[PDB]
Each structure stands twice: as structure tokens, then as C-alpha cells.
Amino acid sequence: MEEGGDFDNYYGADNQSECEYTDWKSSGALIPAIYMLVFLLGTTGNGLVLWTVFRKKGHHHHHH
């Protein structure tokens, strides 16, 4: 029974929107996980097999 008569435009309704109830969900108690399961599957995967082969080549970085 939230009075307010007509014209009731709710107001300050943002008090129930993505503002400070989802971003602060954790921050320091949730990232250490997703960043732990994506650490061995977001870099260790590959992105390297090329680097190593980048110092070899066996030419001159050219192929015109």
C-alpha cells in the first residue's frame, strides 16, 4: 500500500535497477574464479606456437 496519490511517477525507481546490486555482487569474491578457469584456456592454449616460430622463419620476414 504505497500511497502517493495520482501522478505517482515512482521516482528514484533506479533504486531497483542495475546500479549497486549486480556490479558489487562480488568484485573481490568471484573474479578469482572465472580468471582461474580462463587462465589455462585463454592463453596457455596457443597464441604461442607462432611466437616461437617467429624467431626462426629461416628467411628474412619477406615473401614477395
- Query: Do you know which of the residues in region 29-56 that are exposed (fewer than 10 other Cβ atoms within 10 Å of the Cβ) and not hydrophobic (A, V, I, L, M, F, W, C) is nearest to the chain's Cα centre (by Cα)?
  - Reply: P32
- Message: It is to be established whether one or more residues within region 29-43 are of a type outside the set (V, I, T) and touching a helix residue (DSSP H, G or I) at 6+ places or on another chain (Cβ under 9 Å).
- Response: yes
- Note on the structure: A careful count of residues in region 7-60 that are outside any loop (DSSP other than H, G, I, E, B) and aliphatic (A, V, I, L, M) gives 8
- Quick one: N9 ticks every box in (1) surrounded by 10 or more Cβ atoms within 10 Å (Cβ to Cβ); (2) more than 30 Å from the chain's Cα centre (by Cα) except a single one, so which number is it? (1)
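No Cβ is skipped: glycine too gets one built from the backbone with ideal geometry, and neighbour counts run over all protein chains shown. Taken together, the values in this text are just the output of simple stated rules run on the coordinates, not laboratory data.
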